[PDB]
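S.K.: Those protein sequences? They're chains A, L and H, same order as listed.
Using PDB author numbering, the letters of the first sequence map in sequence onto residues 53 to 86, 89 to 263.
Using PDB author numbering, the letters of the second sequence map in sequence onto residues 2 to 213.
Using PDB author numbering, the letters of the third sequence map in sequence onto residues 1 to 232.
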Amino acid sequence: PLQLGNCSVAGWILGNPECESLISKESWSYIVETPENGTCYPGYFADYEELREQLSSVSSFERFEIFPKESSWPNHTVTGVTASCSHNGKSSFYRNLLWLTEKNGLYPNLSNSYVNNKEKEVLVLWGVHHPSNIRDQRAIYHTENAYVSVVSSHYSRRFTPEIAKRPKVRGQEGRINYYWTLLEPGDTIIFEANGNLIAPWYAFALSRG
Amino acid sequence: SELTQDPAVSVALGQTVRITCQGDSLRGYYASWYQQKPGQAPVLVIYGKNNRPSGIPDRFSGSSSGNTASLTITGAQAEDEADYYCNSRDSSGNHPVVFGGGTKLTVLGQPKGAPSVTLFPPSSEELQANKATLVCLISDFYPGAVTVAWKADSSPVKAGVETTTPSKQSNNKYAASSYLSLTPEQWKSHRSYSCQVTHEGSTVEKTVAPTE
Amino acid sequence: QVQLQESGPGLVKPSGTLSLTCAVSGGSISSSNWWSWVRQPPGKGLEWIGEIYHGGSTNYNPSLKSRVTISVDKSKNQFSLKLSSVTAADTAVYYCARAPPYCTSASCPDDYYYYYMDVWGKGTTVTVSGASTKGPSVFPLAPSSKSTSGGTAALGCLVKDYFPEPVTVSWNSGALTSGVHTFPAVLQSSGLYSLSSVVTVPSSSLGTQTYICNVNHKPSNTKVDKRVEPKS
Ligand SMILES: *[C@@H]1O[C@H](CO)[C@@H](O)[C@H](O)[C@H]1NC(C)=O
């Protein structure tokens, strides 16, 4: 059994700061859980219930680093933290994701790829940030209309950031929708974007999922 | 809209002091603090909540509690005697930037120093330009409060006197300067001119003679 | 890193137009930075003027919005300030600084809710008067025996009758730093300024070492190198 405790599946998989421990087992038969949906930053988790089906029984789990914090992001700023995600008393962010923002006042086109050479199915997770107004949008990413494209041999989708005044949730009126896919052995996944990308930092490899 | 802070506070050497900044805009954005020493441009000592720039001692620390920002200096030292300004951005309108009034930090308990007086007679070049200026320079005295008086021979002189307010030197002592403008005839028609510097009740007097 | 250098007139006639320039070196003007202006009237505190983005967005101090216009020029990597219908209340020391990018809503990380100015210019004094510019008359303050106090001796330069502020003094073109002190300027009855610059020196050197003070009055474009020799 996998012990999550005060955490949930969403918090554990994204690397919610309050779920820093309990990466625990390399295999398990059932998941032990019982928190504002578990997502630090407000948003909509895509196919969350289906993801719980896949992860409820696995045999060869592993958390690895799909895009190192350095080098893998030569341009763009990767230190983004927010009050919503807080470890102890300081601002933080997801352990497995990075908030990409301004670097020297520019947001160059993003294109980075990774080939699953681990002989297992790979679970990659990313996010799409949605600013509340356009001035803040331009303050971070410097593009009025941005795109995020995630493509592999068995997955493809382009994202458009919808910018509108939203009611503050958890002190935040912005949103980050989270999305996940499974990458088959040898398959290649590419992330293309010009803004609003919560870049993947840590991914996962597993079997029976 | 405006940021308000007390104009002056004092702290003993090695002690700790909290300089408080209050304003209805501190809720929207974090507050920064500056240190300005006389005759110098301001220097940023705190970016945001307790984040300091490279080159700022760990003695400087910041905090916030609602619409109240504070700057704390631990182990206060004489190098810290200066003006301090808080600074933030207004959370409404077109978001103007507002400054606090400033706070004069006096560091008490520094060592006391008698004034050192140097009195220059008119230069020979200036005399040949048909003017005469007596330059009395005072340095290395603490506290930085001094009263200067001039004498022609042994009689007081109040006319033609100009004197600057004390200013910190590089070694954290104060210095001032006094001038007495004369005509070359007023200068040659007396036996001696004197600069009398009174500091902490005690007086130091230097004298220059035209005949010398 | 980024460094700012102010350029402007020392003097500006009343009801005229003040114009300054700030040059950026080590960094690009076309960045997500707010290039700001600040001023400090004599004996008063700091007053924010305005800010500009490389794109062209401007935000001015409400009190000065009517008579202020901050510009930017990517050709020379500079930005400028223009204050019109100036009065004595505009006499002040003006600075240029660089402020970070920020966010109005709660959509951004924490790094975009700071406000600060980390890189400053060195400052440019601007006096508003109808008086004309006057350059300084530099006279030496020669060292004497009734002046030397033991091993050390004192010599200096008298900078008399100049307008407007400021005046900067160095010694040996910057090769003499320790034991140097330039005093605040005094404002005589005529409306002209005067200050002194002194330097402490060993008594054995003054016989065999050459001492020169370099006075600079940028408002009049005057540079005076005055040789201070011992009396004889
Ligand atoms: C940005 O990415 C390019 C590759 O597209 C790389 O050559 C460069 O070194 C990176 N960093 C900067 C500062 O350009």
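Where is the CB? At the ideal position from N, CA and C, for every residue including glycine.
Determine which residues of the segment 104-119 of chain H have a Cβ less than 8 angstroms from any Cβ of chain A, and write them out in chain order.
M.R.: Within the segment 104-119 of chain H, the residues whose Cβ lies closer than 8 angstroms to some Cβ of chain A are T104, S105, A106, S107, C108, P109, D110, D111, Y112, listed in chain order.
S.K.: I'd like to know if residue 239(H) contacts chain A, where contact means its C-beta is closer than 7 angstroms to some C-beta of that chain.
M.R.: This structure cannot speak to residue 239(H), because chain H is shown only from 1 to 232.
S.K.: Rounding to the nearest angstrom, what Cα-Cα distance links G94(L) and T104(H) in this structure?
M.R.: The straight-line gap from Cα to Cα measures roughly 10 angstroms.
S.K.: Give the C-beta separation of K157(A) and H130(A) to the nearest angstrom, bearing in mind that I take them to be a contact with Cβ-Cβ under 8 angstroms.
M.R.: Confirmed, about 5 angstroms.
S.K.: Using a threshold of 6 angstroms, is the CB atom of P128(A) nearer than that to any non-hydrogen atom of ligand 1?
M.R.: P128(A): yes, Cβ under 6 angstroms from ligand 1.
S.K.: Closest by CA to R227(H), which one among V24(H), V215(H), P219(H), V126(H)?
M.R.: That would be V215(H), whose Cα lies nearest to the Cα of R227(H).
S.K.: On the CB-based measure, 16 or more other CB atoms within 10 Å of its CB, does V84(A) come out buried or exposed?
M.R.: Under this definition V84(A) is an exposed residue.
S.K.: How would you label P54(L), buried or exposed, when you count the other beta carbons within 10 angstroms and need 16 or more for buried?
M.R.: That one is exposed.
S.K.: Between which residues of its own chain and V149(L) is the CB-CB distance below 6 angstroms, once the five residues before and five after are set aside?
M.R.: Excluding sequence neighbours, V149(L) sits near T164, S179, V198.
S.K.: Below 8 angstroms on the Cβ atoms is my contact criterion, and I expect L45(L) with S26(L) to pass it. Report the Cβ-Cβ distance as a whole number of Å.
M.R.: With a Cβ gap of about 19 angstroms, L45(L) and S26(L) do not count as contacting.
S.K.: Does the segment 105-116 of chain L come within contact of the segment 76-83 of chain L, defined as at least 3 CB pairs closer than 8 angstroms?
M.R.: Flag = yes, the segment 105-116 of chain L and the segment 76-83 of chain L touch.
S.K.: Tell whether a beta-carbon distance below 7 angstroms holds between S167(A) and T235(A).
M.R.: Result no, Cβ atoms of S167(A) and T235(A) do not sit closer than 7 angstroms.
S.K.: Can you find the residues in the same chain that come closer than 8 angstroms, C-beta to C-beta, to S79(A), ignoring five residues on each side of it along the sequence?
M.R.: For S79(A), where only same-chain residues beyond five positions count, the Cβ hits under 8 angstroms are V112, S113, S114, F115.
S.K.: Mind listing the chain H neighbours of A176(L)? Cutoff is C-beta to C-beta under 8 angstroms, in chain order.
M.R.: What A176(L) touches in chain H: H181, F183.
S.K.: Any C-beta of chain H within less than 9 angstroms: which residues of the segment 118-137 of chain A qualify?
M.R.: Taking 9 angstroms as the Cβ-Cβ cut-off against chain H, the residues of the segment 118-137 of chain A that qualify are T131, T133, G134, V135, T136, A137.
S.K.: Run through chain L and tell me which residues come within less than 8 angstroms of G135(H), C-beta to C-beta.
M.R.: Ordered by position in chain L, no residue passes the 8 angstroms Cβ test against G135(H), which lies about 14 angstroms from the chain.
S.K.: Report the three-state DSSP secondary structure of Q209(H) (helix, strand or coil).
M.R.: It is coil, neither helix nor strand.
S.K.: Within 10 Å of its beta-carbon, does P8(L) have 16 or more other beta-carbons around it, so buried, or fewer, so exposed?
M.R.: With fewer than 16 Cβ atoms within 10 Å of its Cβ, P8(L) is classed as exposed.
S.K.: Between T93(A) and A62(A), how many whole angstroms is the CB-CB distance? I'm expecting something under 8 angstroms.
M.R.: At roughly 5 angstroms, the Cβ-Cβ gap stays under 8 angstroms, so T93(A) and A62(A) are in contact.
S.K.: Could you tell me which residues DSSP pairs with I52(H) in its beta bridges?
M.R.: In DSSP, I52(H) forms a bridge with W35(H), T58(H).
S.K.: Once DSSP output is grouped into helix, strand and coil, what is the label at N172(H)?
M.R.: If DSSP states are grouped into helix, strand and coil, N172(H) belongs with the helices.
S.K.: Where does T133(A) land, buried or exposed, given buried means 16+ other C-beta within 10 angstroms?
M.R.: By the neighbour-count rule (16 or more Cβ atoms within 10 Å), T133(A) is not buried but exposed.
S.K.: Could you give the first and the last residue of the continuous alpha helix (DSSP H) run that contains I194(A)?
M.R.: Here the alpha helix (DSSP H) through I194(A) covers 188-194.
S.K.: My output table needs one value for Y48(L): the three-state DSSP class, helix, strand or coil.
M.R.: Coil.
S.K.: Report yes if the CB atom of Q5(H) is closer than 7 angstroms to the CB atom of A23(H), and no otherwise.
M.R.: Result yes, Cβ atoms of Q5(H) and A23(H) sit closer than 7 angstroms.
S.K.: Along the alpha helix (DSSP H) that carries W64(A), what are the first and last residues, could you check?
M.R.: 61-66 is the span of the alpha helix (DSSP H), which, as asked, contains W64(A).
S.K.: Is DSSP giving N88(L) helix, strand or coil here?
M.R.: Strand at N88(L).
S.K.: Threshold first: 3 residues or longer. Then list the beta strand (DSSP E) segments lying entirely within the segment 94-156 of chain L, N to C.
M.R.: You should have 98-100, 104-109, 117-121, 133-142, 148-153.
S.K.: Apart from the five residues just before and just after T69(L), which ones in its own chain have a Cβ nearer than 6 angstroms to its Cβ?
M.R.: Same-chain partners within the cutoff: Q23.
S.K.: At 3 residues or longer, what runs of the beta strand (DSSP E) sit wholly inside the segment 142-205 of chain H?
M.R.: Those beta strand (DSSP E) runs which fall completely within the segment 142-205 of chain H and span 3+ residues are 152-162, 168-171, 180-182, 193-202.
S.K.: Contact check, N88(L) vs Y115(H) under 8 angstroms by CB: the rounded distance?
M.R.: At roughly 7 angstroms, the Cβ-Cβ gap stays under 8 angstroms, so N88(L) and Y115(H) are in contact.
S.K.: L74(A) by DSSP, collapsed to three states: which one?
M.R.: Three-state DSSP puts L74(A) in coil, outside helix and strand.
S.K.: Note down the Cα distance separating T200(H) from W34(L), rounded to an integer number of angstroms.
M.R.: Whole-angstrom Cα-Cα distance: 36 angstroms.
S.K.: Under DSSP, the alpha helix (DSSP H) around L109(A) begins and ends at which residues?
M.R.: Where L109(A) is concerned, the enclosing alpha helix (DSSP H) stretches over 102-109.
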